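[1] Can you look at this? It's an experimental structure, sequence on top.
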Amino acid sequence: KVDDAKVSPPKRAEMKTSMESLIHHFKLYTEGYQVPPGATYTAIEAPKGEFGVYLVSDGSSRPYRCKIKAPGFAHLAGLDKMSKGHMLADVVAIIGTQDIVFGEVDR
Amino acid sequence: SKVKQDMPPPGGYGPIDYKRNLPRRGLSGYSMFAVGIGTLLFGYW
Amino acid sequence: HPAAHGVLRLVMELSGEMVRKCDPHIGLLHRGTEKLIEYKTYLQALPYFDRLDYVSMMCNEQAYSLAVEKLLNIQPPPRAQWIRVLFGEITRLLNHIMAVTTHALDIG
Amino acid sequence: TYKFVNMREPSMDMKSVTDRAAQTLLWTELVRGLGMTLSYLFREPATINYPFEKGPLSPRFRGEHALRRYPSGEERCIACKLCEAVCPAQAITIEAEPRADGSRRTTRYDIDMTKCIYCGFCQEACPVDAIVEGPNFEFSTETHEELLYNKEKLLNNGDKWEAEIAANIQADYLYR
Amino acid sequence: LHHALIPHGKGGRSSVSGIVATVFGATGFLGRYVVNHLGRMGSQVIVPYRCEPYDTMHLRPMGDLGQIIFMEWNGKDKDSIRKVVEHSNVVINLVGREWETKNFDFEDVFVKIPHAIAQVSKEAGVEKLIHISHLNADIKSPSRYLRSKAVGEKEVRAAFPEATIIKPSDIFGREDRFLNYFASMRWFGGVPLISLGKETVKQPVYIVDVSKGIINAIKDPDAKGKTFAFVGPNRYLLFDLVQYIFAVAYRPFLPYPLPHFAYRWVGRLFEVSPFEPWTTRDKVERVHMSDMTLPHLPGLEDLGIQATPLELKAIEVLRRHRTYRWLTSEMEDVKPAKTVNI
Amino acid sequence: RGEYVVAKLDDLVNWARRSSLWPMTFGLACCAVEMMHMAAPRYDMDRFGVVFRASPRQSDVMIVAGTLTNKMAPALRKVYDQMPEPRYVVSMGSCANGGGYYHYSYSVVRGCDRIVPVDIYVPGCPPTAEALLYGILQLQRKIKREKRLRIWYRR
Amino acid sequence: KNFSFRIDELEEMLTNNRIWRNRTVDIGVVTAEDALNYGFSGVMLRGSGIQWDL
Amino acid sequence: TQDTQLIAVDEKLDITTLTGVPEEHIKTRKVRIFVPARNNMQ
Amino acid sequence: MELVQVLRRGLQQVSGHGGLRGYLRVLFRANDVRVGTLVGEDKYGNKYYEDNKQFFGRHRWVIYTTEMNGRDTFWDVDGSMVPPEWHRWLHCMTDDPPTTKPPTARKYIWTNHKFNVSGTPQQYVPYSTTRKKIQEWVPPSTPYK
Amino acid sequence: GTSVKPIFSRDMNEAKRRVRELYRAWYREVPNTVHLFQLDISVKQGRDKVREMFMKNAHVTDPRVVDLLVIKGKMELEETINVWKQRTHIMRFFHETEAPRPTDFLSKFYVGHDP
Amino acid sequence: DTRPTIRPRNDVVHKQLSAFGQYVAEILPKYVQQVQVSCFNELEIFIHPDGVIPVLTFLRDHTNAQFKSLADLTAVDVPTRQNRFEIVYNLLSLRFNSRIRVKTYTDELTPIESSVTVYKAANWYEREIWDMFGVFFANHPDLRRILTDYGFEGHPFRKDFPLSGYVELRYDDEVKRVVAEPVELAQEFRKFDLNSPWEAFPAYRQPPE
Amino acid sequence: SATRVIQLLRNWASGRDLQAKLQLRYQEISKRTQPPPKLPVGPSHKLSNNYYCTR
Amino acid sequence: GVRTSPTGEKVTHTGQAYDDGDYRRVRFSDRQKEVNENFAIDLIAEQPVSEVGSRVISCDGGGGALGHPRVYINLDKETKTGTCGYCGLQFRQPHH
Ligand SMILES: NC(=O)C1=CN([C@@H]2O[C@H](COP(=O)(O)OP(=O)(O)OC[C@H]3O[C@@H](n4cnc5c(N)ncnc54)[C@H](OP(=O)(O)O)[C@@H]3O)[C@@H](O)[C@H]2O)C=CC1
Ligand code: SF4
Ligand code: SF4
Ligand code: SF4
Ligand SMILES: [Zn+2]
């Protein structure tokens, strides 16, 4: 983990011995690291698509807005376009070829 | 004591294959057909 | 439905069995995840992303982790990134395993 | 760099075309899946015998909470409330009181599993390793009121589950 | 009042109303809705049961966690009632079977059990007790049912001078076995009725009116000692009852005149059945005999309860028994039977 | 003795019941995919004598696995009421047990028990495939411990 | 080391299979433009020949 | 300020009917605002 | 030759499992006829076996006891009779039996490991662990002043 | 300035029209709603339960809010045409199972600290 | 960075995105208000509400931008502003592997022209936003609830909307189907005012006022 | 870990040497009795010249 | 050590006991109000008090890293015996 103890908890051995580790561990596990104000749209190559998060921080220790980019959301949106002229067994094939998962497509 | 964690072996792990290794089994189409009539013609005799 | 891949209301307006309209009513599972995100701290917010998609466990908070510390102008140690990509690829295997097999399940 | 996945135009050679025709008329690639499936049938099944046999685990496993105590007998918890402040589902409720002696621990320590997430955050948030995620995954029950524990049973759980975690934190105290 | 008993919350699932209910035999129609209202406003309910716990599970999703506690209990064993009614505020008696079984006779469940439940509750020291007895409770009635209610009412009145005896006239609802009785009659060819059922007027009341009247009696500080009679809003002839309900089912009504003794015989063969009987000789007298009016006894409106009309709530039950040809037919298509109300 | 005979027929009934009960192919959230994890050859759902059937007219025990929502609620009660008796319900995971991680959420009902009667509450979030496979076992023991026709005899 | 010998197991079962293919090939198609116009990503674009990977 | 069939609807905005909070929670709720006071030990 | 080799392996199986009675006991209760080394035997009668030659996850297994705390379990069983010292060994959280190195014994640990008491009268009940917070003003004992 | 851009209803008159065809669709919707939806309530109480919701919002003077509400009115309307909602979903309009809310001052004083 | 803790920088990209930021500014001076690239190389275009459909059209069409992918639709709500909801788009250009952010502002009542014509992906993202926040857009094909419960009143993501909601439901046997009631939690959300009373970042501090 | 004759049957029906390595796990795994670790310190664990303003 | 309330139910370590007039006790019927027998009140008093010869001592709680964080307690008050708040065990000067 990052050696910066203000963003990552210190080691247990140091937390029980050194002051700075203990006081940081106490406040990190009661407030959380203060994130500067701003917004970001980091997105990684998810196994489906481009799962990303539009994190928006107000500067406090808690986030303000965090909207989840779901590749399934677009894929399920296009499901209407995919199924056209195909039968009821084929739409069963399509909704699996996009690998729709409903905690993510739905949030 | 020196630092010890989970590390790769000094020579490194073996070569990990990833390509297709699909076997080429069976026999020629002519031979498969010629067998088909071969036992078939036996049948009518 | 077992072919529903979980929960959703997919209404088909079909003649014979040719689907004419396939309106996918979604939200049958809806949890206000982003709303509870607002009230929890970033550390408390980490488990939320682990439960977005049930196919990729740590591919998700990898995005969430990348969201925070890159906004924080902080970078992870080089060894940690190698663990992340190694398990992210293992996680990539995790989804693809039933991205194809459960596909075949509904297929037959 | 990329690898093209699906295009291989089949040769129109007499030998090659009769291969596809033989494959079509005489189901050959079709029986290939049929034939291998036979080979996989003779494999012995990879099924354990539950509960006579239980699956592999690791020392850093998250199960039922169990409040431990010092070797003398005094319970480790010192009501710092860090577990409550971290608990992502607020499954912990803490009240404290200085009673008479060096044993002010909790007026109330209620962990709500049907609310809890089993993230284990309480375990490493504790400065004295009081609350731990036990190695027992097996604590199911029939009533909803059962699935929440009071402070007393956390002590009883730590009392009943004591040897396992004592050795588990023994093996895992350097990793975390 | 008790220290940890003051009412709290806005009458919700997790609120506190201060009522430690002890409904007996809640695994029935009256018990099902009584625990519902008690659970709805928020009140600790102690439900003793004798049958299989599986049948009692449908009362589990009826209140907040730890508000409904299921307890084993037996009528003959005195100590069984004591355990149930010890930590209690109101003990209401809903036990009683429309037919007779080998272990429990009509007097056993309508006099002996009410005698035990009244004596133990008073000895324990509960503040209120509600007893259920038929509105037609009569010592000289031809049916052993109504005689048992009368003496049972007398016993609980003497043992518990503050008990609020409830007198429902003719309960009806989903699983009510009253209109379900005549609805199931279409299976046996026509509809057998004694003298075509033209000399019997009944005043049925739907479940929620008596059910809500129960807790309203619990909440009423002056309800003790009274003998409130819960009666319906309209009176119709017995022929009108069968005429209306068959019309709502759209099944072909086939009136069938019967002599009294032949109907009495029919109950005898149907009582032979080792399983749950369909028709009993006691049921023969009850359906034959007519509902009585007791204006002197306080009714159900005194507790702020409006008697729902039968025609308004009859559709809620008749939909199940009707066929597919009229399954989606509404209730305005049918016309309420001729009311001969007082 | 009559009680001896009824006990013997009682033993016949539950043994068939607990041996041949059929869980519903019902899945909502994170718990559902771990539920089919134990159905995988590692733990072998079927070797305990059960098979997955789909419609309510088909199965024995409802296996609720996932977060319960307000929109999901009407169908779950409809599908549960649609299962013929005898029918049992087990509640996978913290979320379905009651509230769960989203206990305070606006779109989550705090407890599947608030909607449908429940036999067993299997905890864990997600419950390990071992833990719920015991939950099926506990239901087999619970099905064993009944006196349905026995209470009828003494009724 | 053991896993590469298992995708071949799936691919032997399905890819060469005509029964799998008939139900699957040319069943549900997206053009290039409507692929990224609909916001698709990952495999959805890659299957359509779109030269993009994060 | 942007003339697109502008009409002078200058009455006080009333979004309560659209947000639709319950009647007990729109009238019988004294909403109060301030600036929070700093914790004295801090 | 290998065919009759596995036949005698079954003949060894019936012989090694206490003759016919024991084999029929484990076949109808233990659901398995495998024979393993007696790794240990706890105080509750639970008989434990180890077979390192078998594939992973089927090396260490348990034959449950017929009696525990007056809860006769010859036929029915569950995954909770396992005592805490051995529960880690069964789940192979470690490659040491408690017999080789016992856990550190202290005063407060239970002497009789219990199981899920759910359903039984020994089941837990939630209750307030806090005292009363607002006690009421007691009415005066004296009559009208 | 304070002048604002309307969407569909420039003033009260057209907004009054839009609330009118809501009634036009609703009035012929309630009968077969009860018919199709397996409802046990009659048409009579179906009609006026559409009524009082017009007076539930019969105080807004802003045309946009009426227009912001006219879309939702046909939204719940359309949701009822194609049986998308379930019985409980439309029952939520029929306040039936909750305890009656106290109205006079004596009642809320006797209930609790609710103001 | 010789120090391995802090995240490095890509100044080449930061200036390069800034050059394109002013590029769009001259192209559409009517619509953009201010264009800013953050320290972590994220260049955002801030456009006027009424010009939502043209700027998105320009980025999808222009050769030098070629942004044809609607990544996400967000309308982050800030109660302190007059028109609270600020609608934020999200575009990706495949040919220039770069991300752009165009955003507007819109109160609860002002309608926006739906961007379904310029981006078919906006369709379902549109059905969600009106559900969660309540900002109606104009001439959408089938704008209707697709997230919240059937007939669930109130947009839950609004600031005035409590996280616990306003109603809860429960099965009732007296009516034999589920029914709703006012929400009454077993445990309330214990608010945790954990914000540090000491300033955390001198750089982002607002000027005195 | 079975008879040679069926091993030929499985190796010929599947047409591949499965016996070299199987799906199930055996003693090639690492033992779960690891010696205690000696996890390293971080780059900023320097005893001097570690002022926070520089990192 | 666990006592017994006048109603016949064992009291918990915090001293909570259900009143005899209380109604919520019935949850204990056919069940148990189980109480941790090892009372922390009675599990620390009998531990011996140490007699270290120093002014200030670091108490770790035993086990090094496994114990509570090191706390430097002071032993100068002759009338009172020093103790660590984390553990509660006693410390004392060498009789001075
Ligand atoms: N028209 C009518 O039917 C009228 C009825 N009443 C009386 O009101 C009550 C309403 O009962 P209802 O809710 O409809 O239930 P049922 O009459 O359908 O069943 C009897 C009820 O009492 C219980 N019970 C039955 N026999 C016994 C017994 N021997 N010992 C203990 N409990 C027993 C039953 O549960 P279980 O079987 O599990 O014990 C069930 O709760 C009955 O007493 C009824 O006679 C009064 C006026 C009119
Ligand atoms: S794992 Fe621990 S901290 Fe997390 S919710 Fe559960 S009890 Fe609370
Ligand atoms: S369990 Fe640990 S973290 Fe929680 S209050 Fe006690 S000492 Fe603090
Ligand atoms: S309990 Fe946990 S695993 Fe199960 S559905 Fe809820 S969040 Fe997912
Ligand atoms: Zn100490």
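    Yes, it's here. Numbers count the residues shown, from 1 in each chain, chains lettered A, B, ... in the order given. Ligands and ions are numbered 1, 2, ... in the order given.
[2] Just say helix, strand or coil for residue E:71.
    Under DSSP: H, G, I helix; E, B strand; the rest coil, residue E:71 falls in the strand class.
[3] Name whatever forms a beta bridge with it.
    For residue E:71, the beta-bridge partners are residue E:48 (DSSP bridges).
[4] quick one: it and residue E:80, what's the gap?
    Distance, residue E:71 to residue E:80, by C-beta to C-beta, to the nearest Å: 9 Å. Where C-beta positions appear, they are placed from N, C-alpha and C, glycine not excepted.
[5] so what sits against both of the two?
    Common neighbours of residue E:71 and residue E:80, using C-beta atoms under 8 Å, 6 or more residues apart in numbering or on different chains, are residue E:48.
[6] got the contact list for residue E:336?
    Per C-beta under 8 Å, 6+ apart, neighbours of residue E:336: E:244, E:309-311.
[7] just the buried members of the residues you listed?
    Buried members of the contacts of residue E:336, scored by 16 or more other C-beta atoms under 10 Å in any protein chain shown, are E:244, E:310-311.
[8] Can you list the residue ranges for helices in the chain?
    Just going to use chain A. A:12-15, A:19-28, A:71-77, A:79-82, A:88-97 (DSSP state H).
[9] hm, I was asking about chain H
    H:16-19.
[10] which residue does it bring closest to chain C?
    residue H:19 (15.8 Å; C-beta to the nearest C-beta).
[11] Equivalent analysis for the stretch 151-300 of chain E, please.
    Closest point on the stretch 151-300 of chain E to chain C, by C-beta to the nearest C-beta, is residue E:174, at 28.7 Å.
[12] ok, stretch M:6-20 near chain E or not?
    Yes - using C-beta under 8 Å from any C-beta of the partner chain, stretch M:6-20 reaches chain E at residue M:19.
[13] Which residues does that stretch contact?
    Contact partners of stretch M:6-20, identified using C-beta under 8 Å, 6+ apart, comprise D:97, D:99, D:106-107, D:151-152, E:3-4, I:127-131, M:2-5, M:24-25, M:28, M:33, M:35-36, M:39-41.
[14] ok, how many other residues are close to the residue of the stretch 151-300 of chain E closest to chain C?
    Residue E:174 has 19 neighbours, counted by other C-beta atoms under 10 Å in any protein chain shown.
[15] roughly how far apart are the closest residue in space to it that isn't next to it in sequence and residue E:161?
    The shortest distance from residue E:174 to any non-neighbouring residue, by C-beta to C-beta, 6 or more residues apart in numbering or on different chains, is to residue E:317 (5.4 Å). Relative to residue E:161, residue E:317 is positioned 38 Å away (C-beta to C-beta).
[16] Between these two, which is the more surrounded one?
    Between residue E:317 and residue E:161, residue E:317 has the larger neighbour count (other C-beta under 10 Å), namely 22 against 10.
[17] pretty sure the more buried one is in a helix, no?
    Yes - Residue E:317: assigned to a helix according to three-state DSSP.
[18] Distance check, it against chain H.
    34 Å (C-beta to the nearest C-beta, to the nearest Å).
[19] residues touching that residue, list them.
    E:172-174, E:176, E:179-180, E:183.
[20] Turn the buried ones among those residues into a named PyMOL selection, would you?
    Listed next is the PyMOL selection for buried residues among those, using 16+ other C-beta under 10 Å:
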select buried, chain E and resi 172+173+174+176+179+180+183
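[21] Now, the contacts of residue E:317 that are in strands?
    Using DSSP state E to define strands, the subset of those located there is residue E:172.
[22] which two in the contacts of residue E:317 are spaced the farthest apart?
    Within these, E:173 and E:183 form the most distant pair, 12.5 Å apart (C-beta to C-beta).
[23] ok, back up a step: now, of the contacts of stretch M:6-20, which are buried?
    The buried subset of the contacts of stretch M:6-20 - by 16+ other C-beta under 10 Å - is D:106-107, D:151-152, I:127-130, M:24-25, M:28, M:33, M:35-36, M:39-41.
[24] which SS state does the nearest residue to residue I:66 once chain neighbours are set aside fall under?
    Excluding the flanking residues, the one nearest residue I:66 by C-beta to C-beta, 6+ apart is residue I:74, at 4.2 Å. Of the three states, residue I:74 takes coil under three-state DSSP.
[25] Sort out for me which of the buried ones among the contacts of residue E:336 are in helices.
    With DSSP H as the criterion, helices contain E:244, E:310-311 from among the buried ones among the contacts of residue E:336.
[26] Taking chain K, what residue is nearest to chain B?
    At 17.0 Å from chain B, residue K:4 is the closest residue in chain K, using C-beta to the nearest C-beta.
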